[PDB]
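One letter stands for each residue in the lines below.
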Amino acid sequence: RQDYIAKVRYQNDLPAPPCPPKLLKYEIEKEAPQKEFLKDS
Amino acid sequence: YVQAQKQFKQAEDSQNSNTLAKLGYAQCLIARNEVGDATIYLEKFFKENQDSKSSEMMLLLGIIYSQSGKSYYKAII
């Protein structure tokens, strides 16, 4: 079958890991500061 | 903490209108690391007093629910 030459290859390639910047937990995200803040007089 | 919690409970039993006594009771529960017990007490008080304007109670409820995580919607409210 001498006709138009074309190659079909589906692209589903996974991207490389992004490694985005990491959020920093608040001081009130730790159990001990939470206890100190809640137990305030 | 045990004695203060007992005193807060006695204050509540003497006069139920003392919201400050109940809030101190919940704070003492927090002091004794009774996270679940304080949460149950706070839910009972809020559901009985949904119209009460205890801003600090609602702030504490939001903080507790955020620590829980699954109850984020009540925390937002």
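Numbering of residues starts from 1 on every chain and follows the written order of that chain's sequence, so it may differ from the entry's own numbering; residues lacking coordinates are omitted. Here the convention is simple: chains get letters from A, ligands get numbers from 1, in the order in which they are written. For clarity, the chains displayed are a part of a larger assembly, and the values are limited to that part. As a rule here, side-chain values cover all heavy atoms of the structure and leave hydrogens and water aside.

- In terms of determination method and resolution, the entry is listed under cryo-EM at 3.6 Å.

**Quick look at the overall build of chain A**
- The way it works is that DSSP assigns letters per residue, a run of H or I at least four long becomes a helix, a run of E at least two long becomes a strand, and they are numbered from the N terminus. Across its full length, chain A carries 1 helix and 0 strands.
- Per-residue and other accessible areas follow the Shrake-Rupley method at a 1.4 Å probe size, with only the shown protein chains counted as cover for residues. Carbon and sulfur atoms form 56% of the exposed surface of chain A, whose accessible area is close to 5,000 Å².
- Only four residue types enter the tally: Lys and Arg on the positive side, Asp and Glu on the negative side, with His and both chain ends excluded. For this purpose, a charge sits on NZ of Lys, CZ of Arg, CG of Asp or CD of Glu. Across chain A, the mean location of the 8 positive side-chain charges is 11 Å away from that of the 7 negative side-chain charges.

**Digging into the interface of chain A and chain B**
- By the convention used here, residues are in contact when the closest approach between their heavy atoms is within 4.5 Å. Each side of the interface is counted separately: chain A has 7 residues, and chain B has 8 residues.
- Per-residue buried area on chain A facing chain B is highest for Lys35(A), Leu38(A) and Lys39(A); these three make up 70% of the total on that side.
- In what follows, salt bridge is the name for a side-chain nitrogen of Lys or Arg lying within 4 Å of a carboxyl oxygen of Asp or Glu. One can count 0 salt bridges joining chain A with chain B.
- Identification of polar contacts relies on pairs of N or O atoms within 3.5 Å, with a donor-acceptor requirement for protein atoms, meaning one able to donate a hydrogen and the other able to accept it, and with residues adjacent in sequence counted only if both atoms are side-chain atoms. There are 5 residue pairs in polar contact connecting chain A and chain B. Buried area is calculated as the accessible area (1.4 Å probe) missing from two parts once they are joined, with the contributions of both summed.

**Structural notes on the packing of aromatic side chains**
All names here are of chain B.
- By convention, a stacked pair of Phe, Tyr or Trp rings (six-membered ring in the case of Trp) has centres within 6.5 Å and planes under 30 degrees apart, an edge-to-face pair has planes over 60 apart, and any other such pair is tilted. Per the counting criterion, the structure on display carries 2 aromatic pairs over all chains.
- Judged by centre distance (4.8 Å) and plane angle (55 degrees), the rings of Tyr25 and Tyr41 are tilted. Linking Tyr25 in helix 2 (residues 19–31) with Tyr41 in helix 3 (residues 35–48), this pair joins segments that are 16 residues apart in sequence. With respect to class, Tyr25 is no different from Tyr41; both count as buried.
- Seen from their ring centres, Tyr72 and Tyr73 are 6.1 Å apart, and the 90 degrees between their planes marks the pair as edge-to-face.
- Here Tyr73 falls in the partly exposed class, since its relative accessible area comes to 46%. Only protein chains enter the calculation, and the probe is 1.4 Å; a residue is then buried if its accessible area is under 20% of its type maximum, exposed if over 50%, and partly exposed in between.

**Things to note about unusual backbone geometry**
- Its identity is not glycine, yet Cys19(A) carries a phi of approximately 50 degrees, on the positive side.
- With respect to the helices and strands, the residue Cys19(A) is situated in the segment before helix 1 (31–38).
- You can call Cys19(A) exposed: its relative accessible area is 58%.
- The backbone of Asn33(B) sits at a positive phi, close to 60 degrees, despite the residue not being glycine.
- Relative to the helices and strands, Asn33(B) resides in the loop between helix 2 and helix 3.
- Judged by its relative accessible area of 46%, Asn33(B) is partly exposed.

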